[PDB]
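Working notes, beginning with the structure itself.
Protein chains: 2
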Amino acid sequence: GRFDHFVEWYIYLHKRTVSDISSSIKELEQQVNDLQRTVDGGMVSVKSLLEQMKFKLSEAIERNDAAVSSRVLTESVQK
Amino acid sequence: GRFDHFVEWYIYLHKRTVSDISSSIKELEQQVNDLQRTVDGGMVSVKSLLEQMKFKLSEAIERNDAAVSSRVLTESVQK
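In structure tokens, the structure reads:
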């Protein structure tokens, strides 16, 4: 059995439990609001600075809807 | 002889010839000039997690002095 895989998974679960859950989705969407300043009053072309997070948040939400619904369990519950 | 090493080195030279450092350091300096002016008032959150590229600017300054001080040939000349 892949016990090293278990150790890595358990450590990842503890990292996602001790943090990233008290704030939840609080600071991740804050970067859009912060970078909107450079979008508005900075350079006309700014897509290269906001090309990944825009759909990263959407894919993170569509992956975490399992963790928030009656679906794939939360990290704390699995741990 | 390591022909695979030659192929990697040759492709690297081709990329450095079609990219060069004259059109990469200036863009990094422009990004720094824009970001620093944007964060001039404060709210340095958009510079704390973007400090990585500001340090990679100096990292690009590194590994570059060796290319002019050691009298090494230009990538296009070597190719």
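Order-wise, the sequence lines are chains D and Y.
When you line the first sequence up against the UniProt record's numbering, it's residues 237 to 315, in that order.
When you line the second sequence up against the UniProt record's numbering, it's residues 237 to 315, in that order.
Note that beta-carbon positions come from the ideal geometry of N, C-alpha and C, so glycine has one too.
Inset, instruction - Using 10 angstroms around the beta-carbon of Y:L285, count the other beta-carbons present and answer buried if the total reaches 16, otherwise exposed. - result: Y:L285 is exposed by the Cβ-count criterion.
Inset, instruction - Measure the CB-CB distance between Y:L309 and Y:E265 and report whether it falls below 9 angstroms. - result: No Cβ-Cβ contact shorter than 9 angstroms links Y:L309 with Y:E265.
Inset, instruction - Could you give the DSSP three-state label for D:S294: helix, strand or coil? - result: It is helical.
Inset, instruction - Would you kindly work out how many angstroms separate the C-alpha atoms of Y:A296 and Y:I261, rounded to a whole number? - result: Distance between the alpha carbons of Y:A296 and Y:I261: 8 angstroms.
Legend entry - Three-state class that DSSP yields for Y:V282 in the structure shown: The answer is helix: DSSP assigns Y:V282 an H, G or I state.
Inset, instruction - Could you confirm whether any beta carbon from chain D is found closer than 9 angstroms to the beta carbon of Y:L293? - result: Y:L293 does not count as touching chain D.
Inset, instruction - Might you give, ordered along the chain, the residues of its own chain that have their beta carbon closer than 7 angstroms to the beta carbon of D:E311, omitting 5 neighbours on each side? - result: Correct list, in chain order: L249, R252 and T253.
Legend entry - Per-residue DSSP class, three states only, for Y:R238: Coil at Y:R238, not helix or strand.
Inset, instruction - Can you grab the Cα-Cα spacing for the pair residue 316 of chain D / D:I247, in whole Å? - result: The structure shown has nothing for residue 316 of chain D, since chain D only spans 237 to 315.
Legend entry - Interface partners of Y:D256 on chain D, CB under 7 angstroms: Listed along chain D is no residue with a C-beta nearer than 7 angstroms to that of Y:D256; the closest approach is about 19 angstroms.
Legend entry - Under 7 angstroms from the C-beta of D:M279: neighbouring residues of chain Y: Residues of chain Y passing the Cβ test: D270.
Legend entry - Rounded separation between D:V304 and D:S259 - CA only: D:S259 has its alpha-carbon roughly 15 angstroms from the corresponding atom of D:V304.
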